[PDB]
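Undergrad: I'd like to ask you about the structure that follows.
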Amino acid sequence: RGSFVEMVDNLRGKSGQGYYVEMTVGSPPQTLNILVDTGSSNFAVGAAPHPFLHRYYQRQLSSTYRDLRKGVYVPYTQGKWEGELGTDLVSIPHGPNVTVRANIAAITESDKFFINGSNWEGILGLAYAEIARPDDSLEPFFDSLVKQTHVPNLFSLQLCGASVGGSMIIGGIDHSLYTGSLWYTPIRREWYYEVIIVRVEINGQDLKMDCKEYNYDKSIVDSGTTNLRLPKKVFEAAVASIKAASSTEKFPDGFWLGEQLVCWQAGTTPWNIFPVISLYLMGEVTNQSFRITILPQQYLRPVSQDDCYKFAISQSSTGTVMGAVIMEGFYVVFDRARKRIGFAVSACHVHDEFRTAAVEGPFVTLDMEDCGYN
Ligand SMILES: NC1=N[C@](c2ccc(OC(F)F)cc2)([C@@H]2C[C@H]2C(=O)c2cncc(Cl)c2)CO1
Ligand code: NA
Ligand code: NA
């Protein structure tokens with residue numbers, strides 16, 4: 001408890017292409033780099049020689065592979081993957097010293113899934129069975145891990161933006177990874193890591209929307225999404241306020257829509273004209289909340305001879321998504337055992353001399369249950 005040195009720095013990434021952990025599958029072990037995804041629930045790996053893949057799972061080489069004789073088709077947007085289900089022995093070399101038999105989807109055909117130039121070959125869905133494919137009987141990796149071992153039912157993530165890196169602490173918390181205190185928000189329902197946002201401020205100015213809007217139709221914590229995604233009506237209100245706050249300088253209307261980038265000469269990004277963004281989350285106690293605050297350092301993503309950033313807040317029709325934009329400010333504890341998510345200021349987050357990311361409480365917020373969409 002509290003210290004897991006062998007797991008520190010076990011994540012790598014390329015900016016905007018997520019964070020991956022090294023895993024092994026089968027016997028003898030086949031090493032793969034695997035995207036850490038709290039937004040889905042399948043352990044799915046490249047299993048055929050797609051041109052974009054550094055490597056792939058070769059089931060014929062594994063003495064421990066068991067075929068489940070079942071296929072899985074997984075459309076979404078933007079993309080799709082198809083595969084064949086089986087089980088095999090899975091380990092995390094820079095994780096706990098255990099080996100479990102997990103479900104693996106062997107991806108045999110995909111569209112807009114693998115990224116050309118990325119260094120990962122599969123994804124580790126760390127969310128709940130309720131959103132597993134094809135259905136909730138396909139046990140997710142973390143569920144198997146907890147069933148078959150003495151690993152405590154929690155994991156935590158420190159994503160450090162900019163080549164990026166971070167830490168996935170499986171089975172506990174490492175106190176070196178954060179400063180100040182952890183504050184907890186309930187997991188509303190075990191499918192995605194669903195939370196409830198109860199208030200939103202831009203530079204301390206409340207958006208004053210019916211808080212149900214902040215959670216239409218859900219709000220989730222998703223390490224497999226780069227951006228902070230906001231429901232359309234909230235995004236509209238959010239940019240308008242950010243536009244206003246940052247009107248010292250003018251940017252093309254396309255910029256706020258992510259349709260074009262914006263640049264400055266090196267060493268001269270005007271951070272301070274940009275507002276902080278605060279989400280108040282439902283707390284653990286009745287009528288009690290806390291707030292997490294992020295900087296432009298988080299929502300203006302590094303992508304000429306100038307420093308060019310993409311506006312990394314965007315509209316959604318699937319609800320709020322707290323992607324890397326949020327998570328890179330914080331140490332995030334997925335406390336599955338207690339159905340709660342902890343946030344603390346991350347010991348590695350990008351800031352400046354004037355402003356840092358913050359996690360502050362307690363605040364008094366009434367009618368927070370009304371903020372949940374049904
Ligand atoms: N959280 C989430 N993961 C994704 C995903 C892909 C299929 C699913 O299959 C199905 F179960 F929905 C589920 C999620 C993609 C794996 C993520 C992805 O490709 C990605 C690309 N660039 C940057 C990042 Cl941080 C991630 C989409 O959003
Ligand atoms: Na156990
Ligand atoms: Na600490």
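Residue names in the structure tokens use chain letters A, B, ... in the order shown, residue numbers from 1 in each chain, and ligand numbers from 1 in the order shown.
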Could you pull out the residues sitting within 8 Å of ligand 3, using only C-alpha atoms and all ligand atoms, and write them as a ChimeraX atom specification?

TA: /A:174-181,347

Undergrad: Taking only residues of chain A that have an atom at most 6 Å from an atom of ligand 2, what is each one's shortest atom pair and its distance in Å to one decimal, using only C-alpha atoms and all ligand atoms, in chain and number order, as a tab-separated table?

TA:
```
residue	atom	partner	partner_atom_place_in_ligand_line	distance
A:146	CA	ligand 2	1 (Na)	4.3
A:147	CA	ligand 2	1 (Na)	4.6
A:148	CA	ligand 2	1 (Na)	5.8
A:149	CA	ligand 2	1 (Na)	4.8
A:150	CA	ligand 2	1 (Na)	4.4
A:151	CA	ligand 2	1 (Na)	5.9
```

Undergrad: Which polymer residues have any atom within 8 Å of an atom of stretch 196-207 of chain A, counting only C-alpha atoms, with same-chain residues fewer than 4 positions away left out, as a PyMOL selection string?

TA: chain A and resi 185-186+188+211+214-215+218-219+237-238+241-242+245+275-282+289+365+368+371-372

Undergrad: Can you list every residue in stretch 143-255 of chain A that DSSP puts in strand (DSSP E or B), as a short mmCIF file (atom, residue, chain, number, x, y, z; two decimals) with N, CA, C and O atoms, in the first residue's frame?

TA:
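What landed in part.cif:
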```cif
data_model
loop_
_atom_site.label_atom_id
_atom_site.label_comp_id
_atom_site.auth_asym_id
_atom_site.auth_seq_id
_atom_site.Cartn_x
_atom_site.Cartn_y
_atom_site.Cartn_z
N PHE A 155 -7.09 0.58 -9.38
CA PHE A 155 -5.89 0.98 -10.11
C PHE A 155 -5.86 2.49 -10.19
O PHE A 155 -6.88 3.15 -10.05
N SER A 156 -4.69 3.06 -10.41
CA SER A 156 -4.61 4.51 -10.52
C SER A 156 -3.71 4.91 -11.66
O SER A 156 -2.82 4.15 -12.04
N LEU A 157 -3.97 6.09 -12.20
CA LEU A 157 -3.31 6.58 -13.40
C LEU A 157 -2.75 7.98 -13.22
O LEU A 157 -3.45 8.92 -12.81
N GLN A 158 -1.46 8.09 -13.53
CA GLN A 158 -0.81 9.38 -13.63
C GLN A 158 -0.36 9.55 -15.09
O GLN A 158 0.61 8.93 -15.51
N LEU A 159 -1.10 10.34 -15.86
CA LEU A 159 -0.75 10.63 -17.24
C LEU A 159 0.05 11.95 -17.28
O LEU A 159 -0.44 12.98 -16.84
N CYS A 160 1.28 11.91 -17.78
CA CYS A 160 2.11 13.13 -17.85
C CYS A 160 2.26 13.60 -19.31
O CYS A 160 2.94 12.95 -20.10
N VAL A 164 5.50 11.52 -24.40
CA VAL A 164 4.83 11.52 -23.10
C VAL A 164 5.05 10.23 -22.31
O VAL A 164 5.55 9.22 -22.83
N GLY A 165 4.68 10.26 -21.03
CA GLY A 165 4.76 9.07 -20.19
C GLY A 165 3.84 9.18 -18.99
O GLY A 165 3.07 10.11 -18.89
N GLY A 166 3.94 8.22 -18.09
CA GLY A 166 3.17 8.24 -16.86
C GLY A 166 3.23 6.91 -16.13
O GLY A 166 4.12 6.09 -16.37
N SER A 167 2.26 6.69 -15.26
CA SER A 167 2.29 5.52 -14.39
C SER A 167 0.90 4.93 -14.27
O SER A 167 -0.07 5.65 -14.06
N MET A 168 0.83 3.61 -14.39
CA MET A 168 -0.39 2.89 -14.02
C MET A 168 -0.09 1.99 -12.84
O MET A 168 0.68 1.03 -12.96
N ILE A 169 -0.66 2.33 -11.70
CA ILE A 169 -0.44 1.57 -10.48
C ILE A 169 -1.59 0.63 -10.31
O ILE A 169 -2.71 1.03 -10.03
N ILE A 170 -1.31 -0.65 -10.52
CA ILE A 170 -2.34 -1.67 -10.51
C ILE A 170 -2.39 -2.22 -9.07
O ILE A 170 -1.41 -2.76 -8.57
N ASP A 174 0.29 5.17 -5.31
CA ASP A 174 1.66 5.53 -4.95
C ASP A 174 1.64 7.01 -4.59
O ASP A 174 1.31 7.87 -5.41
N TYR A 178 1.35 12.22 -6.41
CA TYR A 178 0.46 13.37 -6.20
C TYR A 178 0.85 14.23 -4.98
O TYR A 178 1.54 13.77 -4.06
N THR A 179 0.38 15.47 -4.99
CA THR A 179 0.54 16.39 -3.88
C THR A 179 -0.83 16.75 -3.32
O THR A 179 -1.85 16.71 -4.04
N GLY A 180 -0.86 17.10 -2.03
CA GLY A 180 -2.10 17.51 -1.39
C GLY A 180 -2.92 16.26 -1.17
O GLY A 180 -2.37 15.17 -1.09
N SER A 181 -4.23 16.43 -1.11
CA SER A 181 -5.12 15.35 -0.75
C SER A 181 -5.89 14.79 -1.95
O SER A 181 -6.13 15.48 -2.93
N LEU A 182 -6.29 13.52 -1.84
CA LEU A 182 -7.22 12.91 -2.80
C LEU A 182 -8.62 13.34 -2.42
O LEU A 182 -8.94 13.37 -1.22
N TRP A 183 -9.43 13.69 -3.41
CA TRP A 183 -10.87 13.92 -3.22
C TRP A 183 -11.65 12.94 -4.09
O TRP A 183 -11.30 12.72 -5.27
N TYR A 184 -12.73 12.38 -3.53
CA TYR A 184 -13.45 11.31 -4.22
C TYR A 184 -14.84 11.70 -4.70
O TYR A 184 -15.59 12.39 -4.00
N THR A 185 -15.18 11.23 -5.91
CA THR A 185 -16.50 11.41 -6.50
C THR A 185 -17.07 9.99 -6.75
O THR A 185 -16.29 9.07 -7.05
N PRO A 186 -18.40 9.79 -6.56
CA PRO A 186 -18.92 8.43 -6.69
C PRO A 186 -18.90 7.95 -8.15
O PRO A 186 -19.10 8.75 -9.05
N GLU A 190 -21.63 1.41 -12.76
CA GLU A 190 -20.52 0.62 -13.22
C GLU A 190 -20.71 0.13 -14.65
O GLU A 190 -21.15 -0.99 -14.91
N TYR A 193 -16.69 4.52 -16.51
CA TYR A 193 -16.43 5.18 -15.22
C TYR A 193 -17.22 6.47 -15.19
O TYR A 193 -16.70 7.56 -15.48
N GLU A 194 -18.49 6.34 -14.85
CA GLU A 194 -19.43 7.45 -14.97
C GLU A 194 -19.44 8.30 -13.70
O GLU A 194 -19.55 7.74 -12.61
N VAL A 195 -19.34 9.62 -13.84
CA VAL A 195 -19.38 10.54 -12.70
C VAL A 195 -20.44 11.62 -12.94
O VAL A 195 -21.06 11.67 -14.01
N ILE A 197 -20.95 15.77 -12.87
CA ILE A 197 -20.45 17.13 -12.75
C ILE A 197 -21.60 18.00 -12.27
O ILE A 197 -22.74 17.88 -12.78
N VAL A 198 -21.34 18.84 -11.27
CA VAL A 198 -22.42 19.57 -10.62
C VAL A 198 -22.32 21.07 -10.84
O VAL A 198 -23.28 21.82 -10.62
N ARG A 199 -21.15 21.52 -11.27
CA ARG A 199 -20.92 22.92 -11.55
C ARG A 199 -19.71 23.07 -12.45
O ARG A 199 -18.76 22.29 -12.36
N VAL A 200 -19.75 24.06 -13.34
CA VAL A 200 -18.63 24.36 -14.22
C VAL A 200 -18.33 25.85 -14.14
O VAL A 200 -19.24 26.69 -14.28
N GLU A 201 -17.08 26.19 -13.86
CA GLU A 201 -16.66 27.58 -13.89
C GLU A 201 -15.55 27.78 -14.91
O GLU A 201 -14.70 26.90 -15.10
N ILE A 202 -15.56 28.95 -15.56
CA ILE A 202 -14.48 29.37 -16.46
C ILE A 202 -13.91 30.60 -15.78
O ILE A 202 -14.61 31.60 -15.59
N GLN A 205 -16.06 31.87 -13.15
CA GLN A 205 -17.39 32.32 -13.52
C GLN A 205 -18.30 31.17 -13.90
O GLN A 205 -18.05 30.45 -14.86
N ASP A 206 -19.36 30.99 -13.12
CA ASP A 206 -20.27 29.89 -13.29
C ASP A 206 -20.94 29.99 -14.67
O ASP A 206 -21.30 31.08 -15.11
N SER A 219 -21.38 11.61 -18.08
CA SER A 219 -20.05 12.18 -17.96
C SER A 219 -19.15 11.04 -17.52
O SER A 219 -19.50 10.31 -16.60
N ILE A 220 -18.01 10.89 -18.19
CA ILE A 220 -17.15 9.73 -17.94
C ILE A 220 -15.69 10.14 -17.86
O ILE A 220 -15.30 11.21 -18.34
N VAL A 221 -14.88 9.29 -17.23
CA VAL A 221 -13.44 9.53 -17.16
C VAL A 221 -12.83 8.49 -18.11
O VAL A 221 -13.01 7.30 -17.91
N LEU A 228 -10.97 17.01 -23.69
CA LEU A 228 -12.16 17.21 -22.87
C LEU A 228 -13.34 17.39 -23.82
O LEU A 228 -13.41 18.37 -24.56
N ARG A 229 -14.26 16.45 -23.80
CA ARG A 229 -15.42 16.57 -24.66
C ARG A 229 -16.62 17.02 -23.83
O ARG A 229 -16.88 16.47 -22.76
N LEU A 230 -17.32 18.05 -24.30
CA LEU A 230 -18.48 18.62 -23.59
C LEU A 230 -19.77 18.50 -24.41
O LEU A 230 -19.73 18.61 -25.64
N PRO A 231 -20.91 18.22 -23.74
CA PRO A 231 -22.14 18.12 -24.53
C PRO A 231 -22.31 19.41 -25.34
O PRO A 231 -21.84 20.47 -24.90
#
```

Undergrad: Residues of chain A within 7 Å of ligand 1: nearest atom pair and distance (Å, one decimal) for each, counting only C-alpha atoms and all ligand atoms, sorted by chain and number, as a Markdown table?

TA:
```
| residue | atom | partner | partner_atom_place_in_ligand_line | distance |
| --- | --- | --- | --- | --- |
| A:16 | CA | ligand 1 | 23 (C) | 5.1 |
| A:17 | CA | ligand 1 | 23 (C) | 3.7 |
| A:18 | CA | ligand 1 | 25 (Cl) | 3.4 |
| A:19 | CA | ligand 1 | 25 (Cl) | 6.7 |
| A:37 | CA | ligand 1 | 1 (N) | 5.5 |
| A:38 | CA | ligand 1 | 1 (N) | 6.4 |
| A:39 | CA | ligand 1 | 1 (N) | 3.8 |
| A:40 | CA | ligand 1 | 13 (C) | 4.8 |
| A:41 | CA | ligand 1 | 11 (F) | 6.5 |
| A:42 | CA | ligand 1 | 11 (F) | 6.5 |
| A:74 | CA | ligand 1 | 10 (C) | 5.7 |
| A:75 | CA | ligand 1 | 10 (C) | 6.8 |
| A:76 | CA | ligand 1 | 12 (F) | 5.7 |
| A:113 | CA | ligand 1 | 19 (O) | 5.7 |
| A:114 | CA | ligand 1 | 19 (O) | 6.9 |
| A:123 | CA | ligand 1 | 16 (C) | 6.3 |
| A:131 | CA | ligand 1 | 11 (F) | 6.8 |
| A:132 | CA | ligand 1 | 11 (F) | 6.2 |
| A:133 | CA | ligand 1 | 11 (F) | 5.9 |
| A:222 | CA | ligand 1 | 1 (N) | 5.4 |
| A:223 | CA | ligand 1 | 25 (Cl) | 5.9 |
| A:224 | CA | ligand 1 | 1 (N) | 3.6 |
| A:225 | CA | ligand 1 | 25 (Cl) | 4.0 |
| A:226 | CA | ligand 1 | 25 (Cl) | 4.4 |
| A:324 | CA | ligand 1 | 25 (Cl) | 6.7 |
```

Undergrad: Which residue, A:331, A:299, A:120, A:52, has the smallest gap to residue A:35 when you use only C-alpha atoms?

TA: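 Of A:331, A:299, A:120, A:52, the one nearest residue A:35 is A:120, counting only C-alpha atoms.
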
Undergrad: Hey, can you check how far atom CA of residue A:310 sits from atom CA of residue A:261?

TA: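 Those two atoms sit 5.1 Å apart.
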